[PDB]
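Contents: one structure, followed by commentary.
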Amino acid sequence: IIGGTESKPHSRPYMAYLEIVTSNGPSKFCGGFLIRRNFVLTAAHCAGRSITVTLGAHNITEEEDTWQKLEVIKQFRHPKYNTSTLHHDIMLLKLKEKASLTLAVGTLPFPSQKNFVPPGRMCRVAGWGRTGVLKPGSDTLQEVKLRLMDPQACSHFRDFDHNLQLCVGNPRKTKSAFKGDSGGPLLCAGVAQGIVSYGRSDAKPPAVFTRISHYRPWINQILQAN
Ligand SMILES: CN(C)C(=O)Cc1c(C(=O)O)n(Cc2csc3ccc(F)cc23)c2ccccc12
Ligand SMILES: [Zn+2]
């Protein structure tokens, strides 16, 4: 998160810190959010050979009792996830066990409504991602309020699609989700509407978020089947 604030610790108790293992490189990290006690939603590009989720974190470098380090038993990457277009950059992680609900860990279930969120409002995204291009991932959960932009603000992402994705972050500001924030929720009035997907390497907003409304059926499908 660039240009954000440190979250009040544990104020976003659904936030998941994902450590994503691959065979051929060191861990990568993503965010995500717990939408059921045993499911974390994140970005598909956060898939890996295995993923650990840490719930209850604030400073991810400082173990604390709020932490729940949970094994992911299965990744449900959106079947249409396209590594070229980055369409359908969404993934559900089924945790091996249901997380404990604590003050610091709770789910963020979707409201029934899955209304398409038009441009214009401010939403908040949180993550432990980089706080600038040259900055490592934040030890602490950060969050930033970003403007939902009209889709044309993301035109330059040539595979951006307004129906699939939110365009997030006023380009006039440096505030943005960034690397390491992948998979984090964009909450608009406390409702997850976006998932950090991608943006420019140089961190110039807007960034592209998966538009959750579009994937609600798929999410539901996975949740109901698993
Ligand atoms: C498993 N991971 C994390 C990786 O493989 C590396 C990776 C990252 C990352 O490092 O976060 N992002 C997000 C990202 C890149 S530039 C940018 C700008 C603004 C913004 F919000 C997000 C982003 C990806 C998107 C698609 C494919 C891969 C990645
Ligand atoms: Zn704490």
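When a ligand or atom number is given, it counts from 1 through the structure's own listing order. When a residue number appears, it is its place in the shown sequence, counting from 1.
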Run the ring-centre check on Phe157 versus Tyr198 and record whether the distance is less than 6.0 Å.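 Yes, ring centres under 6.0 Å apart.
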Could you tell me if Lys114 sits above the aromatic ring of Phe110, with its cationic atom closer than 6.0 Å to the ring centre and no more than 45 degrees from the axis?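 The answer is no; the distance or angle limit is not met.
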Aromatic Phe33 / basic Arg12 pairing, under 6.0 angstrom, 45° off normal: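 Not satisfied by the 6.0 Å and 45° rule.
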Give the name of the N/O/S atom in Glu64 that lies closest to the Zn ion (ligand 2).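 Going through the N, O and S atoms of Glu64 one by one, OE1 ends up nearest to the Zn ion (ligand 2).
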Distance check below 2.8 Å: does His10 bring an N, O or S atom to the Zn ion (ligand 2)?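 Looking at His10, which is the residue asked about, there is an N, O or S atom under 2.8 Å from the Zn ion (ligand 2).
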Best match, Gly169, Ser182, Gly25: closest heavy atom to atom 8 (C) of ligand 1: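 Comparing heavy atoms across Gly169, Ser182, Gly25, the nearest one to atom 8 (C) of ligand 1 lies in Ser182.
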Greater than 12 external heavy atoms within 6.0 Å of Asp65's CG: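 Counting other residues, nucleotides and ligands, CG of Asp65 stays at 12 neighbours or fewer.
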Just one of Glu6, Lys8, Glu64 clears the side chain to side chain donor-acceptor pair (under 3.5 Å) bar with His58, so which one?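 In the set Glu6, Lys8, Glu64, the residue that makes a side chain to side chain donor-acceptor pair (under 3.5 Å) with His58 is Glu6.
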Considering only non-hydrogen protein atoms, determine which one is nearest to [atom] and report residue, atom name and distance to 0.1 Å.
atom                    : answer
atom 10 (O) of ligand 1 : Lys179 CB, 3.4 Å
atom 19 (C) of ligand 1 : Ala177 O, 3.3 Å
atom 28 (C) of ligand 1 : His45 CD2, 3.5 Å
atom 5 (O) of ligand 1  : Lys28 CD, 3.6 Å
atom 17 (C) of ligand 1 : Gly199 N, 3.2 Å

Counterpart residues, ring pair (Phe, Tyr, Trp, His ring centres under 6.0 Å), relative to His78 (two or more places apart):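 Listed in chain order: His88, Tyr215, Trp218.
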Under a heavy-atom criterion of less than 4.0 Å, does [X] contact ligand 1?
X      : value
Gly129 : no
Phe29  : yes
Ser197 : yes
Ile20  : no

How about [X] and [Y]: does a side-chain donor come under 3.5 Å of a side-chain acceptor?
X      : Y      : answer
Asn82  : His87  : no
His45  : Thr83  : no
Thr85  : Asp159 : no
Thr140 : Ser138 : yes

Number the atoms of ligand 1 from 1 as they appear, then name those within less than 4.0 Å of a heavy atom of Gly180, with their elements.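 Taking each heavy atom of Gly180 in turn, ligand 1 has 9 (C), 10 (O), 11 (O) under 4.0 Å.
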Between ligand 1 and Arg200, is the shortest N or O to N or O distance under 3.5 Å?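 No: no nitrogen or oxygen of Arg200 is under 3.5 Å from one in ligand 1.
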Using a 4.0 Å heavy-atom cut-off, which part of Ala207 comes near ligand 1: side chain, backbone, both, or neither?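 The part of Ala207 near ligand 1 is the side chain, not the backbone.
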